[PDB]
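S.K.: Here is my input; please provide its structure:
(chains A, B, C, D, E, F and G)
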Amino acid sequence: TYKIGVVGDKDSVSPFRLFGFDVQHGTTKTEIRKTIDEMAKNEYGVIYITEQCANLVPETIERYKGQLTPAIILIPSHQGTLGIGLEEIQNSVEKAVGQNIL
Amino acid sequence: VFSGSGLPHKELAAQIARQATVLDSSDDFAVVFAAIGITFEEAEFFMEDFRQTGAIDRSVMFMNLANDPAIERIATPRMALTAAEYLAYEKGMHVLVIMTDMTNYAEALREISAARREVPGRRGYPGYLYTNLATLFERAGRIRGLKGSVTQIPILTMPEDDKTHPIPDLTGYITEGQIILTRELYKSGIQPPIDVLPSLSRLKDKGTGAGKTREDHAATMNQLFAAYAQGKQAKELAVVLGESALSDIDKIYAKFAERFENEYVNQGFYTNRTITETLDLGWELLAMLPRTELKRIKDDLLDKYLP
Amino acid sequence: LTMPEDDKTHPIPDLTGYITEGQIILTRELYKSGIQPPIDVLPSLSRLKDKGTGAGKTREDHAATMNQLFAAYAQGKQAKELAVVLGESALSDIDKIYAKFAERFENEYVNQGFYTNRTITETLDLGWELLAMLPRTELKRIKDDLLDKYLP
Amino acid sequence: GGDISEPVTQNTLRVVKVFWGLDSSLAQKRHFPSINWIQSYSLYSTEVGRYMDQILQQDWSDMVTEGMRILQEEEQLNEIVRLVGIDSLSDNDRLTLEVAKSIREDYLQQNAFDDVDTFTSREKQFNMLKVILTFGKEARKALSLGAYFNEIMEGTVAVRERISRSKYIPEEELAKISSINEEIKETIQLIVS
Amino acid sequence: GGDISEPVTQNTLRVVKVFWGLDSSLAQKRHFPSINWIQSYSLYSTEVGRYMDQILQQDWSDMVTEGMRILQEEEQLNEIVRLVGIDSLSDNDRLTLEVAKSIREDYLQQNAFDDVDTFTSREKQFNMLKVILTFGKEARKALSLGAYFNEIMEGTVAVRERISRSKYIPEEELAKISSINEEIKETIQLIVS
Amino acid sequence: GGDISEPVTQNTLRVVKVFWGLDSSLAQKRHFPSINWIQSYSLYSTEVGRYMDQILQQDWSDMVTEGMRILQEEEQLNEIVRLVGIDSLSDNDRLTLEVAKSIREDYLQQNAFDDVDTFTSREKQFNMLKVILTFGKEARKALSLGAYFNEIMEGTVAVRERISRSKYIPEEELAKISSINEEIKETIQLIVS
Amino acid sequence: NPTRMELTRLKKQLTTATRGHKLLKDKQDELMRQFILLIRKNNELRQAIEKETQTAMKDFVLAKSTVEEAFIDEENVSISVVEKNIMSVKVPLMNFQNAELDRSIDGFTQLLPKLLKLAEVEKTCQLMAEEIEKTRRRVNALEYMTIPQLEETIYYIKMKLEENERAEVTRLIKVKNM
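M.R.: Residues are numbered from 1 along each chain as shown, chains lettered A, B, ... in the order given. Sure, structure below:
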C-alpha cells in the first residue's frame, strides 16, 4: 500500500494533505523535475498534478507513461485546465485507431 | 506498353490503332499492325474490330498465329517494319507500327536459339536479345529531308509482372519511354489501366506546346503529375497511420488522385478524346486544388485557363 | 528412398510421387523429438486408401475418424504456434485442447515404437480415445450415427 | 562454401552412419565443436543408448532423448522468435530456452585447448547432463506450483553457476557435481515461499 | 507444385480461355463440385452472356454479374466476420451473407448422383438463379422500408427452403420454381406489415 | 535489371575509383541527377577534400563530411519512421530529417535544363552548402536552448524557402546566397526569445 | 548462400512470417477495439472529474479569501495496487485502503473515489496504447522489412539456381563434343 503525491497550486491542492497526500509545489519545469522523480523513485502509486505545473515539464508525463506505477494524472487549478489532459487522451485515439471515436 | 497477362493491352492496342491520327493531315497517316504468336480468337478480335470501325482502310496487318513456326514469328515484325518504312520513306507517310506480343517474339527467339544449340544467356534468353530487339526498335525514327516517319509502339507482357525481366528490361534500354499497365488500376476498372507514375515518354517535349498542342501542355503535365504523386502518397499514408494522420491540405490531394484516376485516366476503350478535350479536362481537375499550391504553373497560364 | 538434402522437389522423390499412389514421409523434426516411427501424416498420402477401408475390411468408422484426426492435428499445430506468436492468453479453451491433442497425437498415436504391432482395432480405438479430448461439438466431419457408437 | 548439397558429402552420407555437421554460425560464435545438433545424426544412438543404460545403471537413453528433444524444441521456438520477438513467450517456453541454453553453453561447447575441458569421462558426462536436466525438471515443477519464471532465475544465480563451471571440475572430484542435484531441488523449493 | 505457376499450366492458360480451379479445400467442406469460384474464370463469359440474353429473352448476363458480385463481397465480408464477430455487423451485409450462402448452397452445390440434380438445363438454371436473387433485394427493400433483418428470416423459413430445393424439381414441373418468386414478394410484404 | 553484381560492373569497380550509382526510384520521384548518395562513392574524396580546403581556405572537407553524415543518418531514421511513425522521433532527429531534406531538395537535386541550375561554380557550391548546414547548426544549438522543433520550423518558412531558390541565384550575384547565413542566425534568435 | 537447402528453409520462414503477420494484425485489431471502449470511458470520466475538482477548488478559494490565511496554516491514505490482465497487457487495480471552510473540505473528499478511478482507468488506457504500438511495430517490421526480404531473397535464389543448372548443362554438352 504505497503513497499518493500531489503537485499544483497551494490555493488549489492544499486540502489534499487532510487525507495524508504528500502535496508539494513548483513553478518552472525544474521544480516539477524533482517532485515527480522524488515521488516516482519512492515507489508511489498515483501522482496528481495540475496542468499548469505539468505543462512546464511534458518531458515527465511521457517518460513515466508506459510504466505501471506511478499514475501521473492531470488535474486542474481554480480557473481550470489548459486542455492538456483531454488531448493527451484525444491524441492517443488518433494514433491507435487512425480515426476519432468521439 | 509494358503490360501483364490478363491485362487489357489488346483493347488498348486496338483503341490506339483506330484513334491514332495526325492533326492537319489528310490521308497521309497509316497504321501497320503486327501480331506475334497470338491465338486465333485473339487475332479475330483485332481483324474484325479493324474492319468494323473501318480502321482496316488505312492499315496494313501482318498476322502471325501461336501455332505458326517460330521462325515465322521472329520474321513477322521484320515484315511489318519493311512495309512500314516503305510507306514512310518511299511514299511519304506517317506510319504508326503497333506490335504484340513482343514477349511472344522473344520466346520464339529463345526457341530458335535452343534449336541451334546456342549458349543460353540471362534467364535463358539469347545473349544477343538486346541486339536482336535493337535491330527492330531502331527501325523507327525520321530522316532529314524526307516526308514521313516510322513510329513504333511495341507491346509486351512482363512475366510475373517483373520489370527486371530481360524482355521488359532490355526493351527499356532501347525504347525511349514506357507505358505501364498495373493490376491495381485494372481491378479498379480504370480503362485503360495506365499508371502514369512509373510511365514515361522521353521525347514528349518535341510533340507538345503551341502549334502542336495547346500552350499549356507542359505546365499542366508537370502540375498534374506532381499533384497525383502527393495524392497517391496521401492515400498510402491514410492506410498505414489512419485518416487522422492526414493534414487538411492532404484531404484534397487524396480526393484529387481519385478523380484523376476515375475521370481522367479512365476514359473507356472506346472514347476518343482530342488533345484539346484532354487538356481542358486537365484544368478542371486542377480547379479542385487551391491556386496557391500550383507552383509549377506560372501566373500567365493560371489567369487564362484556370476556371 | 532417401531424399537428398531432405528436399521433396529433388528428381528422385519428385518423379516417384508421379508414378506411385501417394507417399509416406519421415521428417527429421519428428525424429529429433523422439517420435518413432517419425511419420509426418500431413504431407503423407495414400491415393488408394478409400479402397481398403470400411465395413468388411476395417470398421465403418475408419474413413470418418481418419479425416477428423487429420483435421484436429492440423488445428492442434496451428494452436501450438498461436501460443508462441501471441502467447498463453490468446488461447481459447478449445485451442488449449487442440494443442494438447496434437501433443498426445504425436507421443502416443504416431510414436508407437519400431517393435510395437498394433491391430487396426487397437489403432481405431486409440484414435477415438484421442478424439475424446475434444468436445463432441468439434467432431463435425463424422456422422453422429457413427459418433454415438464409438465415442469414449 | 559449406554447401553439403555437393556430391562428396552426399555420397559419403550414403555409406557412413555418423554425420557430424559443422556450421559456420556456431564457428563464428566460438561454439566449439561447431557441430549442428539439428542436422547431425548417429545411426548408433539407439545401440549405444542400450550399452550406456547398462554400464551406468541409469536411464541414460531417456536423458539423451530429452536433451535432444529440448534442443529441437528450442529450434522450433527460435524460428518463431526470430520474426515476432521475445515478448509473448510463456514461462514454460522461456524455461525451455534457458535449459537449452544450458545444454548448449554448459555441455555442448567444449574447449579443446583447456586442460580439464579437453576430455570428459563417461561418468562426468552423465553427471553434467543429469545436473542440467535436473534444474529444468525441478524448475518445471516449481512453475506448476504458482512460481514465476523470473523468480526462479533470480534465486538460482548461484546454483546455475556451478552448472556452468561443471565442465572445469577435475575428474577425481566428481562429487562436486552430484551434489548440485541436491542444491537445485533445495534452492528451487525455497523460491516457493 | 500443386500450385499453378508451373510452365505447362502457364503456357496452357496462354492459349485457353477457361480455367476451372478444383479446390481440395472446398471438397473438405462437402462443397461439390469443388470448383473455386474466386480463382476460376472464363473469357467466354461476356460472349456467352449475349447468346444467353438473346435465346432466353432475359437479362441473364446481368444476373450472373450480380451473382458473382455477391460472392465477391462474401469473401470480403467473411474476413470482417472472423475478425470482429457476426453480431457486430450491418443488416445489409448480413443479408448479402445469407444470399451468398444461398448461391453457394442452393445453386453452386450439386450432386452428380441425384436423378434431378445431376443436370440443370439452361431454362432451369435461369429460374433457380432468379429466385435466389429475387429473395435478395425483395428482402433489401424490407430493410430500406424500416423492417429488421432478423424478422425477415423467420418469415421466409418456408420459402427459403423452397428455394433450397429448386434443384430437386423435375424439368417438366419447371413453373414450380418460378412460382417461388411471387411467394417471396407476398411473404416479405406481410413481414413488413 | 539494375543488378550491379553483374561482371561488367564488378570488373569495372575493381579498377576505377569512382562509382556513380544511378537509381530508378530516384528517377521516378523526379530526383535529378538520380545518383544514389548512399551507395555511390568516390575514393578521391579525401584527396579532393585537401585540394578544396587549400584552394578555398575553408573547412570544406568538414562540410562535405557533415552533410554526408546527415544524409546517412536520414536513411537510418527513415527506417524507424517506417516502423513507428515520424511522430515518435525526438525533436533533434526530426530536425535531422529536415536538414537532410534540404540537402536532397536544395542541393543534391539539379535541373540540367535550367540556364542557372545546369551549372554551379565551385564557390557557389560552397556558399549553397554552407547556408544549408548553417541552418542545421543554428537550429540544433537552439534546441539545446529549450526551443521546440515545431516553433523553429514554422518560424523559418520564409528563410528555409530562400535556401530553396539559392540554386537559381546567378553566379555574379553570389552575395545574395551567403547573406542568408546572417538572416538564418537572426531569424533563429527571435524564435529563441 | 544461394543453395537449394536455404531456399527450402527460407520458403518456410515466409509462411511462418505470413501467418505471424496475420495473427499480430488481428491482435492489434482486437487490442484497439478493447481500447476503443476503455478510452471513451476514460474521456467522459475525466471531463466529469475535471469540472468537479475545479469547482471544489474555487469554493475553497472563497473560503480561503476571508481567512488571512494564518487559519488554514491550521489519515494515512494509500492505495493497494494488484495487477490485473486486460488481454495481453498488465493492468493496475487500485482501491483506497470555519463553517464554509469545512464545506469546502467536505468538498475535497467526494473527489477521491472518482479521482482514483480516473488514475486506474487512464493508466490502463496508457498501458493498452503502448501494447498497440509495440504490436504495430512488429506488424510493420514484419510486413515492410522481414517478409519482402524473404520474398525475393527466395526469388533471387530460385533464379540463381536455374542460372547454374542451365550453366552446368551447357558445360556438359561441350565436354561431350570434345
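S.K.: And the contacts of stretch B:111-122?
M.R.: Stretch B:111-122 has contacts (C-beta atoms under 8 Å, 6 or more residues apart in numbering or on different chains) with B:70-71, B:74, B:125-129, B:166, G:163, G:166, G:170, G:173. The C-beta positions use only the backbone N, C-alpha and C, and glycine is treated the same way.
S.K.: do that again at 7 Å, thanks
M.R.: Stretch B:111-122 has contacts (C-beta atoms under 7 Å, 6 or more residues apart in numbering or on different chains) with B:70-71, B:74, B:126-127, B:129, B:166, G:166, G:170.
S.K.: With stretch G:65-85 instead?
M.R.: Outside of stretch G:65-85, the residues within contact range by C-beta under 7 Å, 6+ apart are A:1-4, A:19-21, A:45-46, A:69, C:89, G:64, G:90-97, G:116.
S.K.: picking up where we left off before, narrow the contacts of stretch B:111-122 to those that are buried.
M.R.: B:70, B:74, B:126, B:129, B:166, G:166 (16 or more other C-beta atoms under 10 Å in any protein chain shown).
S.K.: Give me the phi and psi angles of the nearest residue to the last one once chain neighbours are set aside.
M.R.: Distances taken as C-beta to C-beta, 6 or more residues apart in numbering or on different chains put residue B:120 closest to residue G:166, at 5.2 Å, once the chain neighbours are dropped. Geometry field for residue B:120 lists phi and psi as phi -70, psi 130, criterion degrees, to the nearest 10.
S.K.: How many residues are close by residue B:120?
M.R.: A total of 17 residues lie near residue B:120 under the criterion other C-beta atoms under 10 Å in any protein chain shown.
S.K.: which other helices and strands contact the top helix by length along chain B?
M.R.: In chain B, with assignment by DSSP state H, the single longest helix is helix B:217-238. Applying 3 or more C-beta pairs under 7 Å, 6 or more residues apart in numbering or on different chains; DSSP states H and E, one finds that helix B:217-238 contacts helix B:249-259, helix B:275-286.
S.K.: Mind exporting the C-alpha coordinates of that helix to PDB?
M.R.: Provided in PDB are the C-alpha atoms of helix B:217-238 (Å, rounded to 0.1, in the frame of the first residue of the first chain):
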ATOM      1  CA  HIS B 217       0.600  21.300 -72.300                       C
ATOM      2  CA  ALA B 218       3.900  21.400 -70.500                       C
ATOM      3  CA  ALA B 219       2.800  23.200 -67.300                       C
ATOM      4  CA  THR B 220      -0.400  21.200 -66.600                       C
ATOM      5  CA  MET B 221       1.500  18.000 -67.200                       C
ATOM      6  CA  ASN B 222       4.100  18.800 -64.500                       C
ATOM      7  CA  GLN B 223       1.300  20.100 -62.300                       C
ATOM      8  CA  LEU B 224      -1.000  17.000 -62.700                       C
ATOM      9  CA  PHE B 225       1.900  14.600 -62.300                       C
ATOM     10  CA  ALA B 226       3.300  16.300 -59.100                       C
ATOM     11  CA  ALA B 227      -0.200  16.500 -57.600                       C
ATOM     12  CA  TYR B 228      -1.100  12.900 -58.400                       C
ATOM     13  CA  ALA B 229       2.100  11.900 -56.600                       C
ATOM     14  CA  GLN B 230       1.100  13.700 -53.400                       C
ATOM     15  CA  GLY B 231      -2.400  12.300 -53.600                       C
ATOM     16  CA  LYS B 232      -1.100   8.800 -54.100                       C
ATOM     17  CA  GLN B 233       1.300   9.300 -51.100                       C
ATOM     18  CA  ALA B 234      -1.500  10.800 -49.100                       C
ATOM     19  CA  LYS B 235      -3.600   7.700 -49.800                       C
ATOM     20  CA  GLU B 236      -0.700   5.300 -48.800                       C
ATOM     21  CA  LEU B 237      -0.500   7.300 -45.500                       C
ATOM     22  CA  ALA B 238      -4.200   7.000 -44.700                       C
END
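S.K.: From the rest of the structure, what touches it?
M.R.: B:196-197, B:208-209, B:245-246, B:250, B:253-254, B:256-257, B:260, B:279, B:282-283, B:285-286, B:289, B:294, B:296-298, B:301.
S.K.: I'd like the distance from it to the chain centre, please.
M.R.: Offset of helix B:217-238 from its chain centre (C-alpha atoms, centre = their mean, to the nearest Å): 20 Å.
S.K.: Any idea what residue A:23 is bridged to?
M.R.: residue A:6 (DSSP bridges).
S.K.: you'd agree it is up against residue A:10?
M.R.: No. Residue A:23 lies out of contact with residue A:10 (C-beta atoms under 7 Å); the separation is 8.1 Å.
S.K.: before we move on, the earlier item: can you list the buried residues in the longest helix of chain B?
M.R.: So, applying 16+ other C-beta under 10 Å, buried residues of helix B:217-238: B:217-221, B:223-224, B:226-232, B:234-235, B:237-238.
S.K.: Beta-bridge partners for the residue nearest to residue G:166, please?
M.R.: Residue B:120 forms beta bridges with residue B:126, as assigned by DSSP bridges.
S.K.: Show the backbone phi and psi for residue D:156.
M.R.: phi -110, psi 20.
S.K.: which one is it nearest to, not counting chain neighbours?
M.R.: Spatial nearest neighbour of residue D:156, excluding adjacent residues (C-beta to C-beta, 6+ apart): residue D:187 at 6.0 Å.
S.K.: which ones are touching the one you found?
M.R.: Listed by C-beta under 7 Å, 6+ apart, the contact set of residue D:187 reads D:155-156, D:159.
S.K.: Residue B:96: what secondary structure?
M.R.: Following DSSP: H, G, I helix; E, B strand; the rest coil, we place residue B:96 in the strand state.
S.K.: ok, back up a step: of the contacts of residue D:187, which is the most crowded?
M.R.: Using other C-beta under 10 Å as the neighbour test, these are led by residue D:156, with 21 neighbours.
S.K.: Since that was my last question, I'll sign off now.
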